[PDB]
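Shown next, in structure tokens, is the structure this report addresses.
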């Protein structure tokens with residue numbers, strides 16, 4: 002070869028019903044912060 | 010073995026030596042709301058023993074000319090004990106109830122009380138007598154609180170419906186020669202899984218003397234009727250500040 006230079020992160024899903032809610036308890040820790048965002 | 014009975018729940022116990030069995034309204038026991046029917050997402054609070062216990066409301070006096078009385082649930086307890094407090098601090102509420110109406114006399118007295126549970130007990134007025142006035146019951150009549158109210162026209166249950174058909178609802182009779190109490194276990198009934206304990210009464214309790222009290226002069230004349238009730242499987246959700254109404 003004489004000249005070397007010559008050589019979607021979204022998919023559909025079927026969601027027939029609204030998302031369920033999983034039971035959760037209390038979380039008391041550092042490092043992890045789901046409430047904080049960066050709009 | 011059917012006339013004697015004991016009801017123990019929380020730190021309270023009720024006894025009776027002259028019962029006439031117990032009625033489980035519509036054949037269903039009270040139960041916490043399952044995940045399939047629930048809609049509100051917050052974890053409920055289920056106080057257990059502090060609210061599912063027996064509460065004794067004021068006593069009424071049965072006279073030879075009494076019309077009858079009624080109470081509304083959960084209105085009667087919205088301001089009593091830890092149950093009331095949870096009802097005021099939470100938006101949502103649900104529970105069942107164990108109703109125990111008490112009344113004893115002597116083997117010489119006579120009379121029969123019909124004790125029934127009528128869900129969604131909506132009251133009506135006499136419409137000004139003539140029927141041309143579209144008047145409505147006052148807050149004090151629709152939700153009489155712990156004191157309960159008196160019926161003015163028991164024959165039509167103050168709602169244009171025949172008392173003669175009230176037995177189509179969960180009920181027991183307190184016939185003085187037979188028993189001295191009535192017990193009805195009521196499950197939660199509504200078109201929604203939870204509801205406001207303040208804005209909606211799920212059912213009303215009616216105690217009506219269908220057969221008037223009678224006794225010979227000389228026999229005790231003060232024949233009281235006491236109402237003791239116990240929430241069952243009380244759940245609460247939607248916590249916030251206290252609200253009385």
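Chains as they are written, first to last, in the authors' numbering: chain A, 2 to 8, 19 to 50; chain B, 10 to 254. All C-beta atoms, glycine included, are put in the ideal place defined by N, C-alpha and C.
Quick check: what's the CA-CA separation for residue 5 of chain B versus residue 192 of chain B? The question about residue 5 of chain B has no answer here: the residues shown for chain B are numbered 10 through 254.
What did DSSP end up calling residue 188 of chain B once you bin it into helix, strand or coil? coil
Cβ atoms of residue 243 of chain B and residue 275 of chain B: under 8 angstroms apart, would you say? Summary: the structure shown does not reach residue 275 of chain B, with chain B confined to residues 10 through 254, and so no result is reported for it.
Per DSSP, which one or two residues make a beta bridge with residue 182 of chain B? B:123
By alpha-carbon positions, which one of B:69, B:107, B:24 and B:235 ends up nearest to residue 83 of chain B? B:107
Helix, strand or coil: how does DSSP classify residue 246 of chain B here? strand
State yes or no: is the C-beta of residue 121 of chain B within less than 8 angstroms of the C-beta of residue 219 of chain B? yes
Meets three-Cβ-pair contact criterion under 8 angstroms: the region 23-31 of chain B and the region 209-229 of chain B: no
Quick check on the DSSP output: the alpha helix (DSSP H) that includes residue 148 of chain B runs from which residue to which? 148-151
To the nearest angstrom, how far is it from the Cα of residue 198 of chain B to the Cα of residue 128 of chain B? 8 angstroms
So what does residue 169 of chain B bridge to, in DSSP terms? Beta-bridge pairing links residue 169 of chain B to no other residue.
Complete runs of the beta strand (DSSP E) confined to the region 13-45 of chain B [at least 3 residues]: 14-18 and 21-25
Helix, strand or coil: how does DSSP classify residue 65 of chain B here? strand
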